[PDB]
Amino acid sequence: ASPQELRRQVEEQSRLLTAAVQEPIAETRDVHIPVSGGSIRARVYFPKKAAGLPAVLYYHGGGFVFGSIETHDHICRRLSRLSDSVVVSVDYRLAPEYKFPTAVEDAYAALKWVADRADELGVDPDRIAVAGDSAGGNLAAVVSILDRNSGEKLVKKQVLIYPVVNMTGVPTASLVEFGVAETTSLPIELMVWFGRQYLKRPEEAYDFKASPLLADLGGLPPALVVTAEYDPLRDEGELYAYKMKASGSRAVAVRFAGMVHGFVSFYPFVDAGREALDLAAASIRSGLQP
Amino acid sequence: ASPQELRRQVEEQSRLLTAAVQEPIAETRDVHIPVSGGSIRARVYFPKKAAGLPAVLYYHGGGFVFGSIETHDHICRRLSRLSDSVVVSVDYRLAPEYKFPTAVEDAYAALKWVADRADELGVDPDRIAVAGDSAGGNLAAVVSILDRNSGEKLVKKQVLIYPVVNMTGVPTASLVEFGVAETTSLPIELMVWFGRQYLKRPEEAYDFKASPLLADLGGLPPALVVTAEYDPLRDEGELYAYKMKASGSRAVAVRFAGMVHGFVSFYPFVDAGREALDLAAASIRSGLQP
Amino acid sequence: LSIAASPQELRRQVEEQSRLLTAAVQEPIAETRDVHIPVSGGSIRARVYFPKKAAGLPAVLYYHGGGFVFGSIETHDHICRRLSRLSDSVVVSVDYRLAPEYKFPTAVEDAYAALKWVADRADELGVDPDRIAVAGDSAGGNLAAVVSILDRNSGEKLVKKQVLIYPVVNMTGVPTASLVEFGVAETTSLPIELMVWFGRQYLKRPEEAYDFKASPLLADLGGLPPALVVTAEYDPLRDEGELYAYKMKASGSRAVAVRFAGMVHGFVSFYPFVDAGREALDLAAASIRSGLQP
Amino acid sequence: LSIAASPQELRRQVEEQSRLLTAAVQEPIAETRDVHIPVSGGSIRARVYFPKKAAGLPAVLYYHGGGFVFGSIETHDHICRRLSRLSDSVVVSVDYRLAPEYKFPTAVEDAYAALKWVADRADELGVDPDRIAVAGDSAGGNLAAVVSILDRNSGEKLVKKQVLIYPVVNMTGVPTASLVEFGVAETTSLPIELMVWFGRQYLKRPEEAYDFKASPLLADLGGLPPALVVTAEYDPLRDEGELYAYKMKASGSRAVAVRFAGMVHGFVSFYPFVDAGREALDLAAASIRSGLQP
């Protein structure tokens, strides 16, 4: 099936699946963010009604092809509340329609937009983080490298939840192991698919904005990377952390037992995803303390 | 060297090592708890001045031979504060002086003492947890099984931080792997030592109060077990969790990369120990919500 | 399988299942002789495999797997023939008595007795008594490891080398990471439930699990004959197998552990169909050949 | 070692170091002949090892390891003699040209050329052209794997089997879990710094790392000759080695991967001193023997 039809299914599936969670929150404001060639949508979650609050940029997962604001709305509500920070979930553009660079560029613009319109949003400028799951973690990681290179220091902390950091063809042992098994949640055939729908040409994969791990990782904001024991992205996510730390950037990698890829997403239904969001939040909260 | 001299060294070492952390807190009350054949000491940490607060029983580590209230005072202060619960650190009796049963019995009495004198302590009875690191995790696990068997339901949540759950002679692969390496923090020779100083006879090790994992683990309070990638107790700690969950008891096992045994203890100096205490707390806090 | 059923009928289903395996391969061997070995209470069968016709030949005692309840000389006849011809050794496969009928140390005792029988009957066998090794798979590896310990405690030095194929060396409830990981998997050839059942059929009193003749890993493994330990990546026994080789080495005995990728417990029996079973068998035969050089 | 020093002098320290290894063992072989093989730009040396004196013998091309910068026929003379006598094959060790002097595809080209030379000179060699295999360790395994791919793309079917000992199959910066874990360890025989340096000495333009003749793992591994892949538990190359066997299998080619416990990269070279190096060598010789049966 066509990417458009898998996208409409994953959406139906997820809403259908989260017609129950009730994640309380304070205010939610839906915004529009100017990007090259138009605008995108974002949703800001206010934990309280106050001034100078920390802010987190959440980039949803979905292989650069799926996912939406609504798709990770529950996750963002709980974060906002548990970390007590504003969360601006970004509806970055999706592939095969908008190919590689694009998603990465809006994620970056979003971030920038969030710091310049921060009085408005009632957010503290010197206290902003970037989080994301799967393809979102990637964007969160790349965005963090753009902020580094740019030298604007907008990112103070990062939370990579099962990031894909290597889009090359050089597989990992966990990649193959959990990509092939008869009980994964992230078929190797589907990952190779994501890649095709997103990258124009495939050496684009050797680019640092596509594969964040191939980049020099010195000089980056403190990072919290979460992994799943039975996730094909496990080795890479954990290797991302090692590398940051070896290059002088602070990193902590926590791996949850018995979990599969995308488990935080089923948090209202799996305990481990609860303990993981609770951690993400606590990590953000301490990371953004003045 | 004699157990007494290793005990005086570990103490000097730790205080010496934590002459800096400043863990703020609200009030601390040092108590005396009646046990069979005398009394023991405990230290209660108040996070705020209030009524009906959740409470956590912290059992310090040290192989049933070392450790003290002062030795894990920093850890207990931060917990209290981050979880916003009372923490009563228990100076259970230590081996070769007081051998196996004893430590386990005071840990249990402590727990009981804490629920009956709870109006006094200003603590909520229906909201109590048990936490502990290394030998302390063991005690926390055993105490949780005593509460189960007893049927009093005093324990609502448990936080096993690198628990030793198998004191038998049936080694684990991680046990051997990280017990022998040229860079562990938990020499296999020293563990075999702990065992000798604590157990009278060595089949005592096959007893459930010595080796919590050999027990049937159905019907236990929700548990959060934390492991270290380079810890000889890793496999057992993670196996403890699997077993609880297989027997119908809820459990989540999180393993931190690059860490060694006893790392939370060096939290003010290692980031991963920070992220781990932050998690312990968040786990306790959600676990004790009415 | 289904342990819901009796051991004897399960022994039958297994027997038919395994012989479809020996049927698929033609393994030449210069000769065979079915023998009857004296043990306490009678005799057990044994099949002697002759690689060539000569004197002073090296020999290998082979103990078949089957969880102490299944298996027979027939069940592992292909493995033994191939083993025999590649190492150029006399292989004698032992039909040790089975549980639940005959319970634990029996088999161990039959095994050790079969070893003494070979050394005593070496001239009649065309064997060089100073050149003997022991080998086996699953429960068979246990027997081989225990037999090596018995041979050591006795100070006779009959066992010059031991080849343990996916051996079970720990029969207590203290699980390993691999024990549970592959014991519980949906794709397991050695379910945890079946392993638990083997023990109930084999041991009379659950604390016999603590005897070294049942859980060899609990013994002092120093001073043992050189060991070659073969394990499988998805075998629940994997960890205890490697733990055993390490422990031996740490105690001064020589041991080498090899892990076959992509394999499950019992893959050697399927050698005709699985390339890896065949590579494993060739390593074993080469390991024996070299271990038995004068 | 110290890469702070030049390649040529490091090549010397290594040469002396490795020959203390060949010195420790006496490995009989019916015969040897040092030969000179024609390649683009001249000739490379090769040493032919004859196991016995006969016609129609099976043969194995052997490519020594050394990170494409070190090693020589002398450096692996013991391994080849032993390999030769245990498989009963003619082994021809190739002295392929080294980097940095001669850079990447050279060695690959020397290797493939050495393979064609053996098949063409088989009658003069007492070899059965239909029974040839290739083998090697570290960079030598790379050459053997690449040679197998070249032999396949050519459709000549010269390679009947390939034995890859702790092969390096990926020369890009995309690390594996094992690559970093053992590359950075204090107890590593293959530091990450040295691996990075080998690549700079071997490749002229860093994106050649993406060519299949350098990073065989990137090729379509379907339709290749049977593979036996040997890895070590603490080898940084461990994961890519096993990844390679799996990929081959998933593509329809036959492959078997064996992981030796407690070993580091290069343990086979130390076979005289390490029991496991010896067991590994015997598996390889047995794997070739069986793979080359008519």
# chains A, B, ... in the order shown; residues from 1 in each chain; ligands from 1
$ select_by_dssp --residues "stretch 25-240 of chain D" --states "alpha helix (DSSP H)" --output "JSON, numbers by chain"
{"D": [77, 78, 79, 80, 81, 82, 83, 84, 85, 86, 87, 106, 107, 108, 109, 110, 111, 112, 113, 114, 115, 116, 117, 118, 119, 120, 122, 123, 124, 125, 139, 140, 141, 142, 143, 144, 145, 146, 147, 148, 149, 150, 151, 152, 153, 177, 178, 179, 180, 181, 182, 183, 184, 192, 193, 194, 195, 196, 197, 198, 199, 200, 201, 202, 238, 239, 240]}
$ interface_residues --of "chain D" --to "chain B" --cutoff "12 Å" --atoms "only C-alpha atoms" --output "ChimeraX atom specification"
/D:181,185-187,261-262
$ write_last_selection --atoms "C-alpha atoms" --output "compact mmCIF listing (two decimals), in the first residue's frame"
# COMPACT_ATOMS: atom_id res chain seq x y z
CA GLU D 181 32.82 -1.79 22.75
CA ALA D 185 38.47 -1.34 25.76
CA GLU D 186 41.76 -1.22 27.66
CA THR D 187 42.24 -4.94 26.98
CA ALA D 261 34.45 -17.63 23.78
CA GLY D 262 37.08 -15.75 25.66
$ calpha_fit_and_write --fixed "chain C" --moving "chain D" --output "tab-separated table (two decimals) with C-alpha atoms, in the first residue's frame"
chain	number	residue	atom	x	y	z
D	1	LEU	CA	5.21	-32.76	22.18
D	2	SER	CA	2.89	-32.40	25.19
D	3	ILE	CA	3.99	-33.54	28.66
D	4	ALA	CA	0.26	-33.76	29.30
D	5	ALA	CA	1.02	-37.27	27.93
D	6	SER	CA	3.06	-40.07	29.60
D	7	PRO	CA	6.90	-40.35	29.36
D	8	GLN	CA	6.79	-43.71	27.63
D	9	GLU	CA	4.51	-42.50	24.88
D	10	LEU	CA	6.43	-39.27	24.60
D	11	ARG	CA	9.51	-41.46	24.39
D	12	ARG	CA	7.89	-43.14	21.43
D	13	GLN	CA	6.89	-40.02	19.55
D	14	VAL	CA	10.44	-38.77	20.04
D	15	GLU	CA	11.96	-42.09	18.90
D	16	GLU	CA	9.97	-41.99	15.61
D	17	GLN	CA	10.75	-38.26	15.18
D	18	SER	CA	14.53	-38.75	15.67
D	19	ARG	CA	14.77	-41.80	13.37
D	20	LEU	CA	13.35	-39.78	10.40
D	21	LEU	CA	16.64	-37.92	11.04
D	22	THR	CA	18.95	-40.99	10.99
D	23	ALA	CA	17.07	-42.18	7.92
D	24	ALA	CA	18.01	-39.19	5.79
D	25	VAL	CA	21.75	-39.84	5.87
D	26	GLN	CA	23.97	-42.68	4.75
D	27	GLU	CA	27.13	-42.63	6.83
D	28	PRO	CA	29.64	-45.36	5.96
D	29	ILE	CA	31.46	-47.18	8.76
D	30	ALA	CA	33.75	-50.18	8.42
D	31	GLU	CA	31.75	-52.11	11.01
D	32	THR	CA	29.37	-52.39	14.00
D	33	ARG	CA	28.84	-54.78	16.88
D	34	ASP	CA	25.87	-54.48	19.27
D	35	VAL	CA	27.15	-55.24	22.74
D	36	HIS	CA	25.78	-55.92	26.20
D	37	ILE	CA	27.44	-54.15	29.11
D	38	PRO	CA	27.14	-55.39	32.70
D	39	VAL	CA	25.78	-52.79	35.23
D	40	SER	CA	24.15	-52.96	38.71
D	41	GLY	CA	20.94	-54.84	38.18
D	42	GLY	CA	21.78	-56.26	34.74
D	43	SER	CA	23.04	-54.91	31.45
D	44	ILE	CA	22.57	-52.02	29.08
D	45	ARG	CA	23.03	-52.08	25.32
D	46	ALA	CA	25.93	-50.31	23.54
D	47	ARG	CA	26.81	-50.11	19.85
D	48	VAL	CA	30.47	-50.18	18.91
D	49	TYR	CA	31.37	-48.31	15.71
D	50	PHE	CA	34.60	-49.35	14.03
D	51	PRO	CA	36.09	-46.67	11.62
D	52	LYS	CA	38.65	-49.09	10.18
D	53	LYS	CA	40.08	-52.47	10.97
D	54	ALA	CA	43.11	-51.94	13.10
D	55	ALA	CA	44.70	-52.34	16.58
D	56	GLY	CA	45.47	-49.70	19.13
D	57	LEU	CA	42.66	-47.41	17.98
D	58	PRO	CA	41.50	-44.29	19.96
D	59	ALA	CA	37.98	-44.55	21.34
D	60	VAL	CA	35.16	-42.31	22.35
D	61	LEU	CA	32.31	-43.07	24.74
D	62	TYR	CA	29.17	-41.38	23.42
D	63	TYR	CA	26.09	-40.59	25.54
D	64	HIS	CA	22.90	-39.64	23.65
D	65	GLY	CA	20.69	-36.73	24.73
D	66	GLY	CA	16.98	-36.88	25.54
D	67	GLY	CA	16.56	-35.11	28.87
D	68	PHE	CA	17.41	-38.32	30.73
D	69	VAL	CA	14.04	-39.66	29.56
D	70	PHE	CA	14.31	-39.99	25.77
D	71	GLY	CA	16.79	-41.16	23.20
D	72	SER	CA	18.48	-44.42	22.34
D	73	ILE	CA	21.43	-45.79	20.45
D	74	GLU	CA	19.30	-45.70	17.35
D	75	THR	CA	18.32	-42.11	17.86
D	76	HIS	CA	21.95	-40.94	17.54
D	77	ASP	CA	23.32	-43.65	15.23
D	78	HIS	CA	24.13	-41.16	12.38
D	79	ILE	CA	26.03	-38.78	14.65
D	80	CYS	CA	28.11	-41.65	16.02
D	81	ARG	CA	28.94	-43.17	12.64
D	82	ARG	CA	30.03	-39.82	11.22
D	83	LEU	CA	31.93	-39.02	14.40
D	84	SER	CA	33.58	-42.36	14.18
D	85	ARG	CA	34.75	-42.08	10.59
D	86	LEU	CA	35.96	-38.47	10.81
D	87	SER	CA	38.03	-38.92	13.96
D	88	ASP	CA	39.16	-42.42	13.08
D	89	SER	CA	38.14	-43.49	16.58
D	90	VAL	CA	36.14	-46.38	17.91
D	91	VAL	CA	32.95	-44.87	19.13
D	92	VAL	CA	30.78	-46.75	21.62
D	93	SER	CA	27.31	-45.29	22.11
D	94	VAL	CA	25.78	-46.11	25.49
D	95	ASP	CA	22.14	-47.03	25.97
D	96	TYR	CA	22.09	-45.82	29.55
D	97	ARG	CA	18.91	-46.53	31.54
D	98	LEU	CA	16.19	-43.92	31.49
D	99	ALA	CA	13.92	-42.05	33.84
D	100	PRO	CA	11.28	-42.09	35.17
D	101	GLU	CA	11.66	-45.87	35.29
D	102	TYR	CA	15.27	-45.77	36.43
D	103	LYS	CA	15.92	-42.57	38.40
D	104	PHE	CA	18.83	-40.25	39.00
D	105	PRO	CA	22.41	-41.51	39.49
D	106	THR	CA	21.38	-44.63	37.68
D	107	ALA	CA	22.18	-43.19	34.25
D	108	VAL	CA	25.31	-41.59	35.67
D	109	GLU	CA	26.27	-44.93	37.12
D	110	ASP	CA	25.48	-46.72	33.82
D	111	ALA	CA	27.59	-44.14	32.03
D	112	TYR	CA	30.64	-44.44	34.26
D	113	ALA	CA	30.29	-48.22	34.14
D	114	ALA	CA	30.19	-48.14	30.33
D	115	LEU	CA	33.43	-46.16	30.41
D	116	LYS	CA	35.19	-48.68	32.64
D	117	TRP	CA	33.89	-51.50	30.41
D	118	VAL	CA	35.52	-49.98	27.32
D	119	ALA	CA	38.92	-49.56	29.02
D	120	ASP	CA	38.83	-53.12	30.39
D	121	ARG	CA	37.70	-54.61	27.07
D	122	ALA	CA	40.08	-52.50	24.97
D	123	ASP	CA	42.15	-55.40	23.59
D	124	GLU	CA	38.97	-57.24	22.61
D	125	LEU	CA	37.88	-53.90	21.10
D	126	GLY	CA	41.04	-53.15	19.15
D	127	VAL	CA	41.37	-50.01	21.35
D	128	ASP	CA	44.35	-48.22	22.96
D	129	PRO	CA	43.15	-47.80	26.63
D	130	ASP	CA	45.43	-44.76	27.00
D	131	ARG	CA	43.49	-42.99	24.23
D	132	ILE	CA	39.89	-42.60	25.34
D	133	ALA	CA	37.51	-39.68	25.31
D	134	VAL	CA	33.87	-39.15	26.31
D	135	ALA	CA	31.18	-37.11	24.57
D	136	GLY	CA	27.47	-36.42	24.43
D	137	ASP	CA	24.65	-33.95	23.82
D	138	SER	CA	22.06	-32.36	26.20
D	139	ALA	CA	21.65	-34.93	29.04
D	140	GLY	CA	24.38	-36.83	27.24
D	141	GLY	CA	26.78	-33.90	27.82
D	142	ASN	CA	25.85	-33.89	31.50
D	143	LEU	CA	26.77	-37.60	31.73
D	144	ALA	CA	30.05	-36.96	29.90
D	145	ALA	CA	30.92	-34.07	32.22
D	146	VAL	CA	29.97	-36.03	35.36
D	147	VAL	CA	31.77	-39.10	34.09
D	148	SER	CA	34.88	-36.93	33.68
D	149	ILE	CA	34.55	-35.77	37.29
D	150	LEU	CA	34.11	-39.35	38.53
D	151	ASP	CA	37.08	-40.48	36.44
D	152	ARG	CA	39.06	-37.64	38.03
D	153	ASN	CA	38.04	-38.27	41.65
D	154	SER	CA	39.04	-41.89	41.10
D	155	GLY	CA	42.46	-40.85	39.90
D	156	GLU	CA	42.42	-43.33	37.01
D	157	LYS	CA	42.82	-40.75	34.23
D	158	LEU	CA	40.71	-42.78	31.78
D	159	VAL	CA	39.21	-39.64	30.19
D	160	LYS	CA	41.79	-37.86	28.07
D	161	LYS	CA	39.32	-35.41	26.55
D	162	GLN	CA	35.60	-34.55	26.79
D	163	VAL	CA	33.35	-33.08	24.13
D	164	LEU	CA	30.22	-31.59	25.50
D	165	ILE	CA	27.49	-30.70	22.94
D	166	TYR	CA	24.87	-28.24	24.32
D	167	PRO	CA	25.29	-29.86	27.75
D	168	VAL	CA	22.87	-29.30	30.68
D	169	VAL	CA	25.13	-28.75	33.72
D	170	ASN	CA	22.72	-27.21	36.23
D	171	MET	CA	19.58	-28.89	37.38
D	172	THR	CA	18.55	-26.46	40.18
D	173	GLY	CA	15.85	-23.75	39.86
D	174	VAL	CA	18.50	-21.01	39.71
D	175	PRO	CA	17.85	-19.86	36.13
D	176	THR	CA	20.31	-18.09	33.85
D	177	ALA	CA	19.49	-15.14	31.56
D	178	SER	CA	19.52	-17.56	28.59
D	179	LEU	CA	17.61	-20.26	30.49
D	180	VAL	CA	14.56	-17.98	30.78
D	181	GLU	CA	15.02	-15.97	27.60
D	182	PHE	CA	14.89	-19.01	25.28
D	183	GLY	CA	12.97	-21.24	27.63
D	184	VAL	CA	9.95	-18.90	27.37
D	185	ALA	CA	10.32	-17.94	23.68
D	186	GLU	CA	7.62	-18.99	21.23
D	187	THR	CA	10.34	-20.30	18.89
D	188	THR	CA	12.04	-22.63	21.37
D	189	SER	CA	13.14	-26.19	20.85
D	190	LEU	CA	13.63	-26.49	24.57
D	191	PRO	CA	10.57	-25.00	26.35
D	192	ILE	CA	11.04	-24.18	30.04
D	193	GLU	CA	8.05	-26.43	30.92
D	194	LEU	CA	9.67	-29.46	29.30
D	195	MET	CA	12.97	-28.83	31.13
D	196	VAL	CA	11.13	-28.62	34.45
D	197	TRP	CA	9.33	-31.89	33.60
D	198	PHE	CA	12.58	-33.71	32.72
D	199	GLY	CA	13.90	-32.93	36.19
D	200	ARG	CA	10.75	-34.31	37.90
D	201	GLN	CA	11.06	-37.47	35.86
D	202	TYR	CA	14.79	-37.76	36.56
D	203	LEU	CA	15.30	-36.69	40.19
D	204	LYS	CA	13.55	-38.50	43.05
D	205	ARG	CA	14.10	-35.78	45.67
D	206	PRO	CA	14.51	-32.16	44.22
D	207	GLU	CA	17.55	-31.51	46.32
D	208	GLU	CA	19.45	-34.20	44.44
D	209	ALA	CA	19.56	-31.34	41.91
D	210	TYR	CA	22.31	-30.06	44.18
D	211	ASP	CA	24.42	-33.18	43.87
D	212	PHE	CA	27.42	-32.72	41.56
D	213	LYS	CA	26.47	-35.88	39.63
D	214	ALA	CA	23.36	-34.00	38.46
D	215	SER	CA	24.55	-30.40	38.45
D	216	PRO	CA	28.27	-30.73	37.47
D	217	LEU	CA	28.59	-26.94	37.46
D	218	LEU	CA	28.51	-27.06	41.29
D	219	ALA	CA	31.63	-29.20	41.56
D	220	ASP	CA	35.29	-28.12	41.67
D	221	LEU	CA	36.13	-28.22	38.03
D	222	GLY	CA	39.89	-28.12	38.52
D	223	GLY	CA	42.05	-30.99	37.25
D	224	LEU	CA	39.64	-32.18	34.59
D	225	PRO	CA	40.46	-33.53	31.14
D	226	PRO	CA	40.55	-30.99	28.33
D	227	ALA	CA	37.04	-29.83	27.41
D	228	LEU	CA	35.47	-28.68	24.11
D	229	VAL	CA	32.06	-27.13	24.85
D	230	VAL	CA	29.60	-26.51	22.05
D	231	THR	CA	26.57	-24.27	22.51
D	232	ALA	CA	23.81	-22.74	20.40
D	233	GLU	CA	22.86	-19.04	20.28
D	234	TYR	CA	19.18	-19.61	21.06
D	235	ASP	CA	19.61	-22.53	23.42
D	236	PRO	CA	18.29	-21.94	26.93
D	237	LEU	CA	21.29	-24.02	28.06
D	238	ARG	CA	23.68	-21.62	26.30
D	239	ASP	CA	24.79	-19.66	29.40
D	240	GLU	CA	25.29	-22.64	31.69
D	241	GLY	CA	27.29	-24.30	28.90
D	242	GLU	CA	29.69	-21.40	28.56
D	243	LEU	CA	29.66	-20.82	32.34
D	244	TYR	CA	30.90	-24.37	32.60
D	245	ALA	CA	33.83	-23.85	30.19
D	246	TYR	CA	34.85	-20.64	31.96
D	247	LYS	CA	34.68	-22.19	35.41
D	248	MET	CA	36.82	-25.11	34.25
D	249	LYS	CA	39.47	-22.70	32.89
D	250	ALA	CA	39.41	-20.54	36.00
D	251	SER	CA	40.16	-23.70	37.99
D	252	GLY	CA	43.14	-24.77	36.04
D	253	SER	CA	41.47	-27.23	33.62
D	254	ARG	CA	41.60	-26.63	29.84
D	255	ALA	CA	38.36	-25.77	28.11
D	256	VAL	CA	37.18	-24.11	24.91
D	257	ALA	CA	33.64	-22.96	24.26
D	258	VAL	CA	32.17	-22.42	20.79
D	259	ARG	CA	28.85	-20.73	20.12
D	260	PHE	CA	27.04	-21.54	16.89
D	261	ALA	CA	25.09	-18.61	15.51
D	262	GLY	CA	21.49	-18.97	14.54
D	263	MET	CA	21.17	-22.44	16.16
D	264	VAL	CA	18.72	-23.86	18.70
D	265	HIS	CA	19.11	-26.72	21.13
D	266	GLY	CA	19.59	-30.07	19.37
D	267	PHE	CA	20.83	-28.78	16.02
D	268	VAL	CA	23.57	-31.36	15.79
D	269	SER	CA	21.00	-34.15	15.55
D	270	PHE	CA	19.67	-32.38	12.47
D	271	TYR	CA	23.10	-32.25	10.79
D	272	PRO	CA	21.85	-33.85	7.53
D	273	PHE	CA	19.56	-30.85	7.08
D	274	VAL	CA	21.44	-28.07	8.87
D	275	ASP	CA	24.87	-27.04	7.57
D	276	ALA	CA	25.81	-25.79	11.03
D	277	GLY	CA	25.07	-29.21	12.59
D	278	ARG	CA	27.54	-30.61	10.12
D	279	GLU	CA	30.22	-27.97	10.82
D	280	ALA	CA	29.73	-28.60	14.55
D	281	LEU	CA	30.18	-32.35	14.08
D	282	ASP	CA	33.38	-31.82	12.11
D	283	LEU	CA	34.82	-29.57	14.83
D	284	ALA	CA	33.99	-32.24	17.44
D	285	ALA	CA	35.57	-35.04	15.38
D	286	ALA	CA	38.65	-32.89	14.76
D	287	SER	CA	38.82	-31.92	18.43
D	288	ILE	CA	38.74	-35.57	19.47
D	289	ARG	CA	41.29	-36.61	16.83
D	290	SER	CA	43.77	-34.03	18.05
D	291	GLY	CA	42.97	-34.60	21.73
D	292	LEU	CA	43.70	-38.30	21.38
D	293	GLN	CA	47.07	-38.04	19.57
D	294	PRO	CA	49.63	-40.15	21.46
$ residues_around --residues "stretch 198-211 of chain B" --least-positions-apart "6" --cutoff "9 Å" --atoms "only C-alpha atoms" --output "compact mmCIF listing (two decimals) with N, CA, C and O atoms, in the first residue's frame"
# COMPACT_ATOMS: atom_id res chain seq x y z
N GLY B 63 26.61 -5.10 51.26
CA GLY B 63 26.82 -6.54 51.36
C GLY B 63 26.42 -7.20 52.67
O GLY B 63 26.92 -8.29 52.97
N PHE B 64 25.53 -6.57 53.42
CA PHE B 64 25.10 -7.11 54.72
C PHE B 64 26.23 -6.98 55.73
O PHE B 64 26.10 -7.43 56.87
N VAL B 65 27.33 -6.37 55.31
CA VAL B 65 28.47 -6.17 56.19
C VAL B 65 28.79 -4.68 56.43
O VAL B 65 29.08 -4.26 57.55
N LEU B 94 24.32 -5.56 61.17
CA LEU B 94 25.29 -6.03 60.16
C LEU B 94 26.15 -7.20 60.45
O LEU B 94 26.54 -7.49 61.60
N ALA B 95 26.18 -8.06 59.15
CA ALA B 95 27.15 -9.01 59.41
C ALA B 95 28.66 -8.70 59.36
O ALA B 95 29.26 -7.84 58.72
N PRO B 96 28.80 -10.25 60.17
CA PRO B 96 29.29 -11.50 60.82
C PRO B 96 28.78 -11.33 62.30
O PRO B 96 28.56 -12.35 62.93
N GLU B 97 28.57 -10.09 62.85
CA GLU B 97 28.04 -9.86 64.25
C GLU B 97 26.59 -10.37 64.40
O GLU B 97 26.26 -11.15 65.31
N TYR B 98 25.76 -9.89 63.51
CA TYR B 98 24.40 -10.34 63.45
C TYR B 98 24.17 -11.00 62.10
O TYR B 98 23.96 -10.33 61.09
N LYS B 99 24.21 -12.35 62.08
CA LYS B 99 24.06 -13.12 60.84
C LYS B 99 22.62 -13.25 60.27
O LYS B 99 21.63 -12.93 60.95
N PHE B 100 22.51 -13.71 59.02
CA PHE B 100 21.23 -13.90 58.24
C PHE B 100 19.98 -14.36 59.06
O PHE B 100 20.14 -15.06 60.05
N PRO B 101 18.70 -13.81 58.56
CA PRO B 101 17.46 -13.66 59.37
C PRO B 101 17.35 -12.17 59.91
O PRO B 101 16.39 -11.47 59.60
N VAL B 104 17.23 -9.05 57.82
CA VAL B 104 15.90 -9.22 57.24
C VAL B 104 14.80 -8.94 58.27
O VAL B 104 13.78 -8.34 57.94
N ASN B 138 17.82 -6.22 48.24
CA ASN B 138 17.50 -7.58 48.66
C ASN B 138 16.50 -7.48 49.81
O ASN B 138 15.41 -8.04 49.74
N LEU B 139 16.90 -6.76 50.86
CA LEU B 139 16.06 -6.55 52.03
C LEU B 139 14.72 -5.92 51.63
O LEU B 139 13.67 -6.30 52.15
N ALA B 141 13.29 -6.34 48.77
CA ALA B 141 12.54 -7.40 48.09
C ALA B 141 12.00 -8.41 49.09
O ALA B 141 10.82 -8.77 49.04
N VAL B 142 12.91 -8.83 50.02
CA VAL B 142 12.41 -9.78 51.01
C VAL B 142 11.33 -9.13 51.84
O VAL B 142 10.37 -9.79 52.22
N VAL B 143 11.53 -7.90 52.27
CA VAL B 143 10.53 -7.30 53.13
C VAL B 143 9.19 -7.32 52.41
O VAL B 143 8.15 -7.56 53.02
N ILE B 145 8.26 -9.55 50.57
CA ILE B 145 7.56 -10.82 50.48
C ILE B 145 6.96 -11.19 51.83
O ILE B 145 6.06 -12.03 51.94
N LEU B 146 7.52 -10.59 52.85
CA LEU B 146 7.05 -10.83 54.20
C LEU B 146 5.72 -10.12 54.33
O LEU B 146 4.77 -10.67 54.91
N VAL B 164 20.80 -7.73 44.90
CA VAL B 164 21.36 -9.01 44.84
C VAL B 164 20.16 -9.88 45.20
O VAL B 164 19.65 -9.78 46.31
N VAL B 165 19.72 -10.74 44.30
CA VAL B 165 18.54 -11.57 44.63
C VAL B 165 18.86 -13.05 44.68
O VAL B 165 18.01 -13.87 45.04
N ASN B 166 20.09 -13.40 44.32
CA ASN B 166 20.51 -14.80 44.34
C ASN B 166 21.81 -14.94 45.15
O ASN B 166 22.86 -14.51 44.70
N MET B 167 21.76 -15.53 46.33
CA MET B 167 22.99 -15.68 47.12
C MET B 167 23.50 -17.12 47.04
O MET B 167 24.40 -17.51 47.78
N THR B 168 22.87 -17.92 46.13
CA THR B 168 23.29 -19.32 45.97
C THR B 168 24.67 -19.39 45.34
O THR B 168 25.45 -18.43 45.39
N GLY B 169 24.97 -20.56 44.77
CA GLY B 169 26.25 -20.80 44.14
C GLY B 169 26.06 -20.99 42.65
O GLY B 169 27.02 -21.25 41.92
$ atom_distance --atom1 "atom CA of residue B:51" --atom2 "atom CA of residue B:153"
21.1 Å
$ select_by_dssp --residues "stretch 20-118 of chain D" --states "strand (DSSP E)" --output "MDAnalysis selection string"
chainID D and resid 31:39 42:50 57:63 90:94
